[PDB]
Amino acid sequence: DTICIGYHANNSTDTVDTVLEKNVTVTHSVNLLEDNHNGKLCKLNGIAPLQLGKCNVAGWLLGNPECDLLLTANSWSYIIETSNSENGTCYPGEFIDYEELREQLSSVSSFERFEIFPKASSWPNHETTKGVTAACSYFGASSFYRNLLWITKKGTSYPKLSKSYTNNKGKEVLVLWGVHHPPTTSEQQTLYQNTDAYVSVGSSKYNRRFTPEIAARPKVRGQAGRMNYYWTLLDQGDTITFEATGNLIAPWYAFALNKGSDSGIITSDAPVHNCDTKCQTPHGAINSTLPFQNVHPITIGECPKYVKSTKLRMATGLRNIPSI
C-alpha cells in the first residue's frame, strides 16, 4: 500500500520564459500582451469619429469645394484623415497655427455651422461675386471656399469696410479668415485698388494687423498670389471687429462649438464601423484589458502601455512534464 504526492500535467504547449530558463512549457498561462486588433475604426467611448476622406482638416474648415459632405459634421470624438486626404487649401498660402487648430478641434461635443457674415448684403458697395478662382474648381467650374468670402472691388472703388460680430451663441465660436497677398501691385490694385491696403482683426483677446506682402513667388496649383489663413476662438459675449481697405478674405461662415476635452487625429485607410472602444489606433481598435500592447505606438483614449515586446506570457500553472 503506497501513497504518492505529486502534481498536475496536461497536453499544454504554452511556453513562458523565466529569469533562469527560456521556453519552459507550462500547464496554464495568461497573456499580458494585447497584440490583436479589429482592423476597424470604431466609436471612441460611444461617439463615432469624423471622417474627412478626400479632405483634410484645412479643407474641411475652410470650405474647400470638394468637402461638401462635411458641411453637416456633428459630434465626433476624434478626426480621421485618409491617405487620400489632400483637398485642403486649394488656394496657396500658410494656414497659421494649423497644427494647433487641428489639435484643439480634436474632440468636440456640439458644432453648429452658422453664417456669421452673410454674403447677400453684409458688404455694401463691395464686389462679393467675383471672389472665385480656378484653383478652387467646383465641377470644372471656378469656385472658392464655402466658409470664406473673397471680397473684391466694386467697379473701380474699394472703400474701407468694418463689420463686427458679437458671440451670443452661448459657447465659443471658431472664426476663420484670410489675408490675400498678390504677386505684384498690378493685381493688388486691379482687385483692391488701394495699393497700401491693410486688414485688421480686433477682439478683446486679439489684435494682429495685416498688410499685403506682395512679392514675386512661384505659382502653386495655379496662382502666384498667396492667402494666409487665420482663425481664432471668440469667447462668449466677446466681439470681433473686422475692417479693411483690401486683401481681406472675409469670414462668411463660422462655427459655434462646445469643446469638452481633446483627443487627436487618427490617419488611416481602415474601415469605420459602429463598433465601440476605450482605446483606438490607426490599424484598428485595441482591447483595454491587458497592461501592455504592441499594435501601434500612436493611440487615442485609455490605452495599454505600448511596448516593443512580441511575447509577454505569464505562467499561472506549473511546469508541464507529462509522459506516462
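Heads up: residue numbers just count along the shown sequence, starting at 1.
> Do the C-alpha atoms of 134 to 142 or of 115 to 123 have the higher average B factor in the entry?
Replying inline: On average, C-alpha B-factors are higher across 134 to 142.
> Got a sec? Mean C-alpha B-factor, which is higher, 50 to 58 or 66 to 74?
Replying inline: Averaged over C-alpha atoms, the B-factors run higher in 66 to 74.
> What's the residue among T239, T232, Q104, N207 with the greatest CA temperature factor in the PDB record?
Replying inline: Result of the comparison over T239, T232, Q104, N207: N207.
> Going by the entry, which of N147, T89, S85, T166 has the most elevated CA B factor?
Replying inline: In the PDB entry, the greatest C-alpha B-factor among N147, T89, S85, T166 is found at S85.
>> By the recorded C-alpha temperature factor, relative to the other modelled residues in its chain, which third is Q223 in?
In response: Middle third by C-alpha B-factor.
> Mind checking which third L257 falls in for C-alpha B-factor across the chain?
Replying inline: Middle third - that is where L257 ends up once the chain's C-alpha B-factors are sorted.
> Is the Cα B-factor recorded for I266 in the lowest, middle or highest third of its chain?
Replying inline: For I266, the deposited C-alpha B-factor lands in the middle third.
> In terms of the CA temperature factor given in the entry, to which third of its chain does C279 belong: lowest, middle or highest?
Replying inline: CA B-factor rank for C279: middle third.
>> How does the C-alpha B factor of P159 compare with the rest of the chain: lowest, middle or highest third?
In response: Within its chain, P159 is a middle-third residue by C-alpha B-factor, going by the deposited values.
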